[PDB]
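Trainee: Mapped onto the working numbering, the consecutive letters of the sequence shown carry residue numbers 59 to 236. All C-beta atoms in this analysis are idealised placements derived from N, C-alpha and C, irrespective of residue type, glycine included. Structure in structure tokens, see below.
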Amino acid sequence: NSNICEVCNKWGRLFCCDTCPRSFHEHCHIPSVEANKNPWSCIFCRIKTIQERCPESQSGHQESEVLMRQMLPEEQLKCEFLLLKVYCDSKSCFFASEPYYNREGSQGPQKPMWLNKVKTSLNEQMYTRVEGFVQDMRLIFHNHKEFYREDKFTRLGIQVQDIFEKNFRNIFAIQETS
Ligand SMILES: [Zn+2]
Ligand SMILES: [Zn+2]
Ligand SMILES: [Zn+2]
């Protein structure tokens, strides 16, 4: 196994996957690492199994169809993995916890959003379709862009949204376009 957390790349109290060499802190893994279960497989392994059980799941999809899907177990897992993939980038730190807004010449967004709130929302099964989760994710970056305006800090939101969007297209097998 690895000696660092796959998500935050630090050492500490880790839990090791039984079917791959990754390891995780308890609350870096999503869902949080399960109390018992021996063996234990991590989210990367679970996602791989879904693909291997239904190879045609990797043929192209239209985003519109994906968004309308109900959050049944397999879609729930895929959104948890996509959330995880964002927390894997160190720039997610800017978007994790509840933000506040007091900048000369800007007003705060009408609907604040942050990653830990989405995490909690997924945990408490508050989204009924993929669209719900995707909307909150994109809201995070959109709020950031609107608030920071011409400050170069806006770029952080562009960069982390690019991470989200590449992973979204991969995990949900969105049809490749030019
Ligand atoms: Zn970690
Ligand atoms: Zn694994
Ligand atoms: Zn099949």
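Hey, is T107 close to ligand 2, as in C-beta under 7 Å from one of its heavy atoms?
Mentor: The residue labelled residue 107 in the question sits at position 49 within the sequence shown. Not under cutoff, so the answer is no.
Trainee: Could you say which of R71, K136, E182 lies nearest to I105 if we only look at CA atoms?
Mentor: Taking the sequence shown and counting its residues from 1, the one referred to as residue 105 is at position 47. For the residues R71, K136, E182, the minimum Cα distance to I105 belongs to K136.
Trainee: Taking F211 as part of the beta strand (DSSP E), name the residues at either end of that continuous run.
Mentor: Here residue 211 refers to the residue found at position 153 of the sequence shown. No beta strand (DSSP E) contains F211, which DSSP labels as neither H nor E.
Trainee: Using the three-state DSSP reduction, which class does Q128 fall into: helix, strand or coil?
Mentor: On the sequence shown, position 70 is the one that residue 128 refers to. It is a strand residue.
Trainee: Would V144 and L173 qualify as a contact pair, given that the criterion is a beta-carbon distance under 8 Å?
Mentor: Here residue 144 refers to the residue found at position 86 when the sequence shown is read from its first residue. Here residue 173 refers to the residue found at position 115 when the sequence shown is read from its first residue. Closer than 8 Å, so yes.
Trainee: In this structure, how does DSSP classify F191 when only helix, strand and coil are distinguished?
Mentor: Numbered from 1 along the sequence shown, position 133 holds the residue referred to as residue 191. Three-state DSSP puts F191 in a helix.
Trainee: Kindly indicate which residue of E92, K149, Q233, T235 has the alpha-carbon position closest to the one of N67.
Mentor: For this step, residue 67 is matched to residue 9 along the sequence shown. The option with the nearest alpha carbon to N67 is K149.
Trainee: Drop a sphere of 10 angstroms on the beta-carbon of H87, count the other beta-carbons inside from all chains shown, and report buried for 16 or more, exposed for fewer.
Mentor: Here residue 87 refers to the residue found at position 29 of the sequence shown. Buried, by the Cβ-count rule.
Trainee: Measure from the alpha carbon of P79 to the alpha carbon of each residue in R213, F102, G70, then state which is nearest.
Mentor: As a working note, residue 79 is residue 21 in the sequence shown. Per the Cα distances, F102.
Trainee: So, for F73: in the same chain, excluding its five sequence neighbours on each side, which residues have a beta-carbon less than 6 Å away from its beta-carbon?
Mentor: Taking the first residue of the sequence shown as 1, we reach residue 73 at position 15. Taken in chain order, the residues that qualify are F82, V91.
Trainee: Among the candidates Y206, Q128, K177, whose CA atom is the shortest distance from the CA of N160?
Mentor: As a position in the sequence shown, residue 160 is number 102, starting the count at 1. Among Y206, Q128, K177, the Cα nearest to that of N160 belongs to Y206.
Trainee: Please tell me whether, using a cut-off of 7 Å, the distance from the CB of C151 to the nearest non-hydrogen atom of ligand 3 is below it.
Mentor: Residue mapping note: residue 151 aligns to position 93 of the sequence shown, counting from 1. For ligand 3, not one heavy atom lies less than 7 Å from the Cβ of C151.
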